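We give structure tokens for two forms of one protein chain below, kept apart as structure 1 and structure 2.
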Structure 1
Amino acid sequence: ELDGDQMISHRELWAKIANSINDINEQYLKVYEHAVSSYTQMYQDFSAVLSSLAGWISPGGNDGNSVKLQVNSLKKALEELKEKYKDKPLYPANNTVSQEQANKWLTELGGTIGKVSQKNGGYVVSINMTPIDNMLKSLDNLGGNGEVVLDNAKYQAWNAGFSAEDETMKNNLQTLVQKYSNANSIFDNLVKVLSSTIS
């Protein structure tokens, strides 16, 4: 299928290289850029919830360290977070793609960061909100109705799992940022290789 005898003018070569550089920017770099931007915004809003949590935790019980946790306030904050990003996917930025295109980018970004979701007849790679869903299930398992008092043992157990899901989102965001950095360098190197064919 390789044909070494195929001839191309230098002018045709310049235009084909230009066309390919544009395609790779539109279909690869800009895709990564929006995915990073979307996850970054989600984790920024989660971090505001984190700041708000300090107001939802306060000394409780009688003498000593018990913690009163405003569970319904935290619960609705995380529910509103999921609701804000239901329609802000990692890919694509606008409209939808086919299932194969979505699965392709699901694989590239990672099945723990994204999740393929059907919008209309088309598909998107949504932000995978499993860490938030885990926090909400864990909150519902604290029981109580609205507000719960947690002794040291139960506060430490709840907080350890909550922080681990926060850490997971941080790890996810770090991996996405590193992948976008690498994609930028893959693009730079492709430009250099293609330009070398003109040398």
Structure 2
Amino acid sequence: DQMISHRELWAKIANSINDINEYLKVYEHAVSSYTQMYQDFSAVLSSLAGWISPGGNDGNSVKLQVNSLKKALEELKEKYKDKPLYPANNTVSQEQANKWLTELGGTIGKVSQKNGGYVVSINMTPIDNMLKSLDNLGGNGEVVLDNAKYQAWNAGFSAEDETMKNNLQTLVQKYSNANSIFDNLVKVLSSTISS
């Protein structure tokens, strides 16, 4: 083709730098949103010790304060109902949301609707699973479980905690890799047209 000027060359690069920055900011916001939710959830698990007391007359059953635990988990759900993983502002097409959902992890997000568009919500399945487990315990707002049943339910609570913690570390790793790839790509690209 013809010639390209220095100004249009660097205008293309400045525009590409902005496009790369917006791409990396998607990972950064997804990490920050999921981190805040996991921190909120971890405070619920550490509060569990204060929501249980001796149950049977032998004293080796466990009385679970089910209404306290569900209220804490339900407030968790409502807090993040309108805090999507992507995008941080406004909405995108359903197809664009589906692509970013696969890019981040199918079990970490979930596509939902907003303002006539679509977003990638935080997948609340770990929270829904424990709200479901608590309702299957029955009871009068307070349930008395035998020791074997409490340890079984407690282990399921800790398994959901581990799933979310591993999801976060996976997302943190994807962000760190994307960061170093595109930080160095910009450094390479800037270095080689400057000289």
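Superpose the two forms; the largest set of C-alphas matching within 1.5 Å is the rigid core. One-based numbering along structure 1's sequence throughout.
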Exercise for the section: Align both forms on the core first, then report whether residue 187 has a C-alpha shift of 2 Å or more between the two structures. Expected result: no
Problem - Large Cα move at residue 177 between the two structures, threshold 2 Å, rigid core - result: no
Exercise for the section: On a rigid core superposition, how far has the CA of residue 100 moved between the two structures, in Å, if you could check? Expected result: 1.1
Practice task
Could the core-superposed CA displacement of residue 10 between the two structures be given in angstrom, to one decimal?
Solution key: 5.1
Handout entry: Core-referenced Cα shift (Å), residue 120, between the two structures
Key = 2.1
